[PDB]
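Undergrad: Sequence first, structure after; it's an experimental one.
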Amino acid sequence: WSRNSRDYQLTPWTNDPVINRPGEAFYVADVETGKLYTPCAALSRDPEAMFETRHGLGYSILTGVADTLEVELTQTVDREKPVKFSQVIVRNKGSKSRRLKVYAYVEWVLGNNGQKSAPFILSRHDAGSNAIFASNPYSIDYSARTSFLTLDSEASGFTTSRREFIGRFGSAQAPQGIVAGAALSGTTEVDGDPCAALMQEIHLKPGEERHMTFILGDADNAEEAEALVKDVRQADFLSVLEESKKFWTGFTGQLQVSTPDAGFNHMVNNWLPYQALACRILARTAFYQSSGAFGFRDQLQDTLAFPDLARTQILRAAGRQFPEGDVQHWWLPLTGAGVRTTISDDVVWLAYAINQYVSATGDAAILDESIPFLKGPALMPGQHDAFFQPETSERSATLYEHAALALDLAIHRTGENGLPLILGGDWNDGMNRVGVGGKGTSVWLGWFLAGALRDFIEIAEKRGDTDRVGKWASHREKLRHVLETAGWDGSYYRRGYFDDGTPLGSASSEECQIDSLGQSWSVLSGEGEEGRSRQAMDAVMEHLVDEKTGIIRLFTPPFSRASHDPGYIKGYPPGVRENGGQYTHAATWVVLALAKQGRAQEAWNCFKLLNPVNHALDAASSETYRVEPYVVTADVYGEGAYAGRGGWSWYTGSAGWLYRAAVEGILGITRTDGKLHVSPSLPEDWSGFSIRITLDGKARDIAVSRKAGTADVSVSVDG
């Protein structure tokens with residue numbers, strides 16, 4: 001993708017887990033014997049071929065060895081450049097001179113989907129610069145960008161038609177027009193299916209390697225594209241790879257641990273922060289979900305596991321609030337167009353993030369940043385969201401004003417029971433149609449609002465707004481009184497109430513008997529009695545106790561029937577997504593609550609269920625998991641014949657949350673007031689660990705023994 005995912009994709013995005021036809025390919029087909037070698041395992045039908053694929057931190061090297069001919073391919077991107085590098089090494093370890101023909105094939109689908117801009121793609125070929133220029137002049141808002149495919153040599157052949165390259169009666173493994181001839185006619189005329197291919201004839205000798213560099217990328221405007229391709233073709237490759245490796249090592253190198261667990265180190269040290277960044281801030285796209293548009297809570301939460309990133313995201317998020325008080329739950333990056341939904345919990349996430357930032361960094365000067373409002377054509381009581389187009393306004397405000405407006409809207413949006421409404425749904429999107437024109441209260445959002453107020457009372461007292469702090473304090477007292485009185489089920493906390501007054505998340509209901517959100521946040525927020533919180537956490541063990549599959553169920557009874565129509569979550573198959581299945585985002589709060597309450601061994605045991613390594617796919621006959629084990633997944637199915645199957649990985653809101661869990665809930669590393677406070681509770685199967693954090697360029701080797709202490713100097717707890 002170039003600017004926004006599923007808006008200006010370059011090659012096809014087929015989320016087909018069973019076939020997954022490659023969108024681009026690299027062939028090194030021979031001349032004499034006709035054998036076709038490939039570094040990619042999905043493009044090869046040779047049973048006696050060995051393939052090696054390495055997934056590094058910002059690079060991928062795919063090696064394919066067959067018939068004493070090693071073909072190694074490396075992939076990486078260039079920083080501050082919209083260009084993708086592809087380095088092909090054809091290493092000959094035979095005993096005679098071989099003649100080869102290397103191919104570079106790619107599918108041009110520019111925009112959201114093919115079959116729409118299938119005829120309207122223009123392909124060009126340049127003589128001096130051996131490149132293939134493709135543009136999509138029919139796109140709604142991407143009709144001026146050109147993509148290219150060059151090579152750091154003098155290519156001998158090219159084509160821009162699938163009918164010519166792949167042809168009929170052929171697949172990606174036997175492309176016909178790579179084996180049934182030695183001439184690729186250069187086609188420029190527009191036909192049904194566009195593509196691009198390159199060509200190079202090599203005369204190797206025994207013991208020689210040839211180093212190519214295929215280039216793919218784009219930039220708007222033809223002259224800008226030409227300048228960029230000249231620059232890249234004059235550039236080098238190994239320097240780029242070294243730069244990317246250095247950047248990724250230096251980022252992930254700011255926090256290193258040496259815990260005795262072999263599967264814990266390999267995740268927290270390298271993969272969790274990399275996944276968080278590269279799949280939620282840098283590119284909001286994975287194999288299963290593609291959505292390149294900024295979320296509100298998404299972006300607000302993503303940059304919280306770390307320092308300036310949080311500040312940047314807070315400013316950009318708070319600069320998108322309507323003057324009435326509600327914010328944009330969704331907005332595109334460059335146009336700025338978004339939606340104005342009725343979702344309730346959005347306006348309090350900004351308050352929570354500001355509290356977290358001011359607690360961690362301590363820069364009180366962040367509260368004064370004049371940022372404009374927006375202008376929107378209001379809402380009607382007939383719809384739940386509208387797209388329109390925001391317009392900047394001349395009415396400015398600071399961050400404190402924005403947070404105050406958000407809280408004022410939240411307080412105004414309360415039901416008759418005291419607990420806040422949900423309208424279009426709280427954190428769980430599927431739980432909509434419980435408010436909408438009625439009185440749908442909630443318990444999780446009540447806890448979360450009380451938690452935010454618990455610190456904005458202090459902030460207002462420091463600032464000096466007596467009228468506002470008095471109102472907020474009175475409201476907080478009333479809300480916590482309601483939570484203690486209305487919201488308790490007898491052994492745990494409820495979830496909410498429908499429009500009909502029927503309790504949701506209680507033992508009296510046939511479906512959704514027990515939630516987890518309220519129980520976890522009753523400890524996360526800070527309020528609530530110790531005994532009631534302990535009883536709630538013990539009752540959480542009802543859906544946790546399933547250690548046969550190792551998941552943490554959100555609902556014990558999945559929504560099978562529409563007894564009260566809790567929204568569009570009823571459509572999910574039982575045990576799929578947030579319908580009674582494990583949801584890694586919510587279980588992280590469970591492990592954080594268990595860790596903070598004091599129970600250390602239980603917290604570690606629960607965390608072991610979340611780590612993809614030493615989970616399901618640890619042995620060879622763990623085919624049930626089906627998903628890659630080096631990255632945390634969003635959800636794991638919990639019922640039916642697909643119990644234990646993981647789905648929709650990489651693009652998960654659980655990256656930063658799991659990372660922060662592993663940081664303080666286990667290791668106990670907290671930046672309370674700038675100074676680091678260490679307070680660990682090691683499991684009985686551990687002895688000790690050593691952490692190496694580099695805050696403000698200061699690398700400290702904080703080593704914790706069985707009881708306490710530090711390697712640099714002996715200090716007590718809470719350093």
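TA: That came through, no problem. Numbers count the residues shown, from 1 in each chain.
Undergrad: switch to C-alpha atoms for all contacts and neighbour counts from now on
TA: Fine.
Undergrad: Bridged to the closest residue to residue 202 other than its chain neighbours, which residues?
TA: Excluding the flanking residues, the one nearest residue 202 by C-alpha to C-alpha, 6 or more residues apart in numbering is residue 100, at 5.2 Å. Taking DSSP bridges as the rule, residue 100 bridges to residue 30, residue 202.
Undergrad: so residue 100 sits right up against residue 205, yeah?
TA: No: counting by C-alpha atoms under 8 Å, residue 205 is not a contact partner of residue 100; they are 11.0 Å apart.
Undergrad: what sits against the residue nearest to residue 202?
TA: By C-alpha atoms under 8 Å, 6 or more residues apart in numbering, the contact set of residue 100 is 28-31, 201-204.
Undergrad: So what would you say the end-to-end distance of stretch 12-23 is?
TA: End-to-end distance for stretch 12-23, by C-alpha to C-alpha, to the nearest Å: 6 Å.
Undergrad: for residue 51, which residues make a bridge with it?
TA: Under the criterion DSSP bridges, residue 51 forms beta bridges with residue 64.
Undergrad: Would you enumerate the residues in contact with it?
TA: By C-alpha under 8 Å, 6+ apart, the neighbours of residue 51 are 39-41, 62-65.
Undergrad: I'd like the distance between it and residue 39.
TA: 7 Å.
Undergrad: Can you check which residues contact both of these two?
TA: 62-65.
Undergrad: got those residues as a markdown table, with distance to residue 5 and neighbour count columns?
TA: Below are the shared contacts of residue 51 and residue 39 laid out as a markdown table (distance: C-alpha to C-alpha, whole Å; neighbours: other C-alpha atoms under 10 Å):
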| residue | distance to residue 5 | neighbour count |
| --- | --- | --- |
| 62 | 25 | 19 |
| 63 | 29 | 22 |
| 64 | 30 | 21 |
| 65 | 34 | 19 |
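Undergrad: can you list those residues in a markdown table and add distance to residue 691?
TA: Below are the shared contacts of residue 51 and residue 39 laid out as a markdown table (distance: C-alpha to C-alpha, whole Å):
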| residue | distance to residue 691 |
| --- | --- |
| 62 | 33 |
| 63 | 35 |
| 64 | 39 |
| 65 | 41 |
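Undergrad: I'd like to know which of these is nearest to residue 240.
TA: Taking C-alpha to C-alpha as the measure, residue 240 lies nearest residue 62 of the shared contacts of residue 51 and residue 39, at 17.8 Å.
Undergrad: check which helix or strand covers the nearest residue to residue 313 once chain neighbours are set aside.
TA: Excluding its sequence neighbours, the residue lying closest to residue 313 (C-alpha to C-alpha, 6+ apart) is residue 300, at 6.3 Å. Assigned by DSSP states H and E, residue 300 falls within helix 297-302.
Undergrad: Please name every helix or strand in contact with the following helix or strand past that helix.
TA: Per DSSP H and E, the first helix or strand lying C-terminal to helix 297-302 is helix 308-318. Applying 3 or more C-alpha pairs under 8 Å, 6 or more residues apart in numbering; DSSP states H and E, we find helix 308-318 packed against helix 297-302, helix 346-360.
Undergrad: Return the distance of residue 264 relative to residue 32.
TA: Distance of residue 264 to residue 32, given as C-alpha to C-alpha: 51 Å.
Undergrad: of these two, who's got more company?
TA: Remark: of residue 264 and residue 32, residue 264 carries more neighbours, 18 against 9, as counted by other C-alpha atoms under 10 Å.
Undergrad: Provide the secondary structure category for the more buried one.
TA: Classification of residue 264 by DSSP: H, G, I helix; E, B strand; the rest coil places it in helix.
Undergrad: hmm, back to that, wait, what's in contact with the residue nearest to residue 313?
TA: Taking C-alpha under 8 Å, 6+ apart, one finds 310, 313-314, 317, 349-350, 353 in contact with residue 300.
Undergrad: Just send these back as JSON lines, with distance to residue 163 and neighbour count too.
TA: Conversion of the contacts of residue 300 to JSON lines gives the following (distance: C-alpha to C-alpha, whole Å; neighbours: other C-alpha under 10 Å):
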{"residue": "310", "distance to residue 163": "50", "neighbour count": "22"}
{"residue": "313", "distance to residue 163": "47", "neighbour count": "20"}
{"residue": "314", "distance to residue 163": "50", "neighbour count": "23"}
{"residue": "317", "distance to residue 163": "48", "neighbour count": "21"}
{"residue": "349", "distance to residue 163": "52", "neighbour count": "20"}
{"residue": "350", "distance to residue 163": "53", "neighbour count": "26"}
{"residue": "353", "distance to residue 163": "54", "neighbour count": "21"}
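Undergrad: which one of those residues is nearest residue 140?
TA: Of all these, residue 140 sits closest to residue 317, with 26.6 Å by C-alpha to C-alpha.
Undergrad: what's around the closest residue to that closest one other than its chain neighbours, how many residues?
TA: Excluding the flanking residues, the one nearest residue 317 by C-alpha to C-alpha, 6+ apart is residue 296, at 6.6 Å. By other C-alpha under 10 Å, the residues close to residue 296 number 23.
Undergrad: how much space is there between the residue nearest to residue 202 and residue 210?
TA: Residue 100 is 11 Å from residue 210, where distance means C-alpha to C-alpha.
Undergrad: any residues in contact with both of the two?
TA: Both residue 100 and residue 210 are contacted by residue 204, under the criterion C-alpha under 8 Å, 6+ apart.
Undergrad: Quick check: buried residues in stretch 266-278?
TA: Under the neighbour-count criterion of 16 or more other C-alpha atoms under 10 Å, stretch 266-278 has 267-278 buried.
Undergrad: ok, residues contacting it?
TA: So stretch 266-278 is contacted by 57, 248, 252-253, 255-257, 302, 630-632, 650, 655-656, 658-659, 662 (C-alpha under 8 Å, 6+ apart).
Undergrad: Give me the subset of the residues you listed lying in strands.
TA: If you go by DSSP state E, those have 255-257 in strands.
Undergrad: Need those in TSV (columns: neighbour count and distance to residue 191).
TA: As requested, the ones in strands among the contacts of stretch 266-278 are exported to TSV (neighbours: other C-alpha atoms under 10 Å; distance: C-alpha to C-alpha, whole Å):
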residue	neighbour count	distance to residue 191
255	19	54
256	17	55
257	19	57
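Undergrad: okay if I get those residues as JSON lines plus distance to residue 421?
TA: Below are the ones in strands among the contacts of stretch 266-278 laid out as JSON lines (distance: C-alpha to C-alpha, whole Å):
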{"residue": "255", "distance to residue 421": "41"}
{"residue": "256", "distance to residue 421": "43"}
{"residue": "257", "distance to residue 421": "43"}
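Undergrad: which residues in the stretch 101-250 of the chain form helices?
TA: Taking DSSP state H, counting those that start in this stretch, the helices of the stretch 101-250 of the chain run over residues 162-165, 222-234, 238-252.
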